[PDB]
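Engineer: below: the sequence, then the experimentally determined structure.
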Amino acid sequence: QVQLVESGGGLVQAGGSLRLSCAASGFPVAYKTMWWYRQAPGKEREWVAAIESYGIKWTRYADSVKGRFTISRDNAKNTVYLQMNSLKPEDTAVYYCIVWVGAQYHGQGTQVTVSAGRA
Amino acid sequence: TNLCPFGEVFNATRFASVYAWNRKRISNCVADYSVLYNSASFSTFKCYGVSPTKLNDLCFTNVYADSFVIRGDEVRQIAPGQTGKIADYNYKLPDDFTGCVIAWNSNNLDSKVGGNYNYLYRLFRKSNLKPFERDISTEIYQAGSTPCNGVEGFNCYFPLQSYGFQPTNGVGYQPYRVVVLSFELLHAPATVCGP
């Protein structure tokens, strides 16, 4: 009776923008730690961002995504957002959000593909 | 006498979570502390109220080894008179503590790709831990004036969270295996000594 499914993925171009939403159900995302992982076809599962249950500095990002990404915590909607800005075709993959509340709870994922070129 | 089981606590495959730290009672054996202090594989080997160098010359009635895993930024809280979520809600050292704190990086052992979620910690408590206390209850913490009825919600939160150690974390969020040695002197034959 506890789950979380993410949305907001899709197509975008160059220095675009995307709003992911990890919609959590069955528990209050208030003092919880959410992780963001991504998986590009074939390569290794990479850690993207993280927001911690406590801390003076509660935002955490990887070096590949720092400065461009922002992880938020909507308490009214009981969800966690991920603001991806100035995208690059190198960071397109499937994005997951994971939490721990008694046990590891996985998201199904979302597809983010950013493109480049002319059309 | 024989050798002390130091390799059992220092080289265990899986360490305990900080909220549920383990304790190993070591007795009836000769101990060589100089090899532990001079191995350089420990980034932190700080003794309080005793010299690490001439630690072998002393005999004690009992030696306690407390082992757990915290993160990099929390190692400085495993010290007397320190404050923080670890020292307040998870593992408190007394103000007049007498022993040694040992902590080394264990990212190559305690972190999985995609996150190792076995190591937990406590986030809330009604009142701070007394020295060497150990809380285990998973009761839903009541942060507000409304009761919780054993159900998580507003002002009611699960008091335990996981570190989720993954290899590419910053050093301040990587796993650190910590061993705290406590020496005990009692009206009883000193059972652990040096070589």
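Structural biologist: Yep, it's here. Numbering: from 1, shown residues only, chains lettered A, B, ... in the order given.
Engineer: now do residue B:3 against residue B:195, distance only.
Structural biologist: 10 Å (Cβ to Cβ, to the nearest Å). C-beta: built from backbone N, CA, C; applies to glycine.
Engineer: ditto for residue B:55
Structural biologist: Distance, residue B:55 to residue B:195, using Cβ to Cβ: 12 Å.
Engineer: more neighbours: which of those two?
Structural biologist: Between residue B:55 and residue B:195, counted using other Cβ atoms under 10 Å in any protein chain shown, residue B:55 has the larger neighbour count: 19 against 9.
Engineer: residue contacts, the residue nearest to the more buried one when sequence neighbours are not counted?
Structural biologist: By the measure of Cβ to Cβ, 6 or more residues apart in numbering or on different chains, the closest residue to residue B:55 outside its immediate chain neighbours is residue B:33, 4.3 Å from it. Residue B:33 sits next to B:52, B:55, B:56, B:194 when contact means Cβ atoms under 8 Å, 6 or more residues apart in numbering or on different chains.
Engineer: nearest to chain A, of these?
Structural biologist: Proximity of the contacts of residue B:33 to chain A (Cβ to the nearest Cβ) peaks at residue B:52, which lies at 32.7 Å.
Engineer: what about the strands in chain B?
Structural biologist: Using DSSP state E, the strands found in chain B span residues B:22-26, B:29-30, B:44-48, B:62-71, B:99-105, B:120-122, B:141-142, B:156-157, B:160-162, B:175-184, B:192-193.
Engineer: one step back: need the residues touching each of residue B:3 and residue B:195.
Structural biologist: Common neighbours of residue B:3 and residue B:195 (Cβ under 8 Å, 6+ apart) are residue B:30.
Engineer: neighbours around the residue lying closest to residue B:194 once chain neighbours are set aside, how many?
Structural biologist: Spatial nearest neighbour of residue B:194, chain neighbours left out: residue B:56 (3.0 Å); criterion: Cβ to Cβ, 6+ apart. Neighbours of residue B:56 under the rule other Cβ under 10 Å: 17.
Engineer: cool, residue B:35 as well?
Structural biologist: Neighbour number of residue B:35 under other Cβ under 10 Å is 11.
Engineer: quick one: contacts for residue B:188?
Structural biologist: residue B:61.
Engineer: mind checking how far it is from chain A?
Structural biologist: Look at residue B:188 and chain A: by Cβ to the nearest Cβ, to the nearest Å, they are 43 Å apart.
Engineer: apart from its neighbours in sequence, what residue is nearest residue B:163?
Structural biologist: Nearest to residue B:163 is residue B:119, by Cβ to Cβ, 6+ apart, at 4.9 Å.
Engineer: again with residue B:70
Structural biologist: In space, residue B:70 is closest to residue B:18, 5.2 Å off (Cβ to Cβ, 6+ apart).
Engineer: now residue A:82
Structural biologist: Nearest to residue A:82 is residue A:20, by Cβ to Cβ, 6+ apart, at 4.1 Å.
Engineer: quick check: bridge partners of the residue of chain A found nearest chain B?
Structural biologist: Closest approach between chain A and chain B, counting by Cβ to the nearest Cβ: residue A:100, at 3.8 Å. Beta bridges link residue A:100 to residue A:104 when assigned by DSSP bridges.
Engineer: the residue nearest to residue B:70 touches residue B:69, doesn't it?
Structural biologist: Yes - between residue B:18 and residue B:69 there is a contact at 6.6 Å, judged by Cβ atoms under 8 Å.
Engineer: give me the common contacts of those two.
Structural biologist: Common neighbours of residue B:18 and residue B:69 (Cβ under 8 Å, 6+ apart) are residue B:119.
Engineer: residue B:25 against residue B:64, yeah?
Structural biologist: Yes - between residue B:25 and residue B:64 a contact is recorded at 6.3 Å, counting by Cβ under 8 Å.
Engineer: between these two, which one's more packed in?
Structural biologist: Neighbour count, other Cβ under 10 Å: between residue B:25 and residue B:64, residue B:64 has more, with 16 against 10.
Engineer: what residues does the more buried one make contact with?
Structural biologist: B:23, B:24, B:25, B:26, B:180, B:181, B:182, B:184.
Engineer: ok so, going back, distance to residue B:172 added to the contacts of residue B:33, as CSV?
Structural biologist: Shown next, in CSV, are these (distance: Cβ to Cβ, whole Å):
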residue, distance to residue B:172
B:52, 26
B:55, 30
B:56, 34
B:194, 36
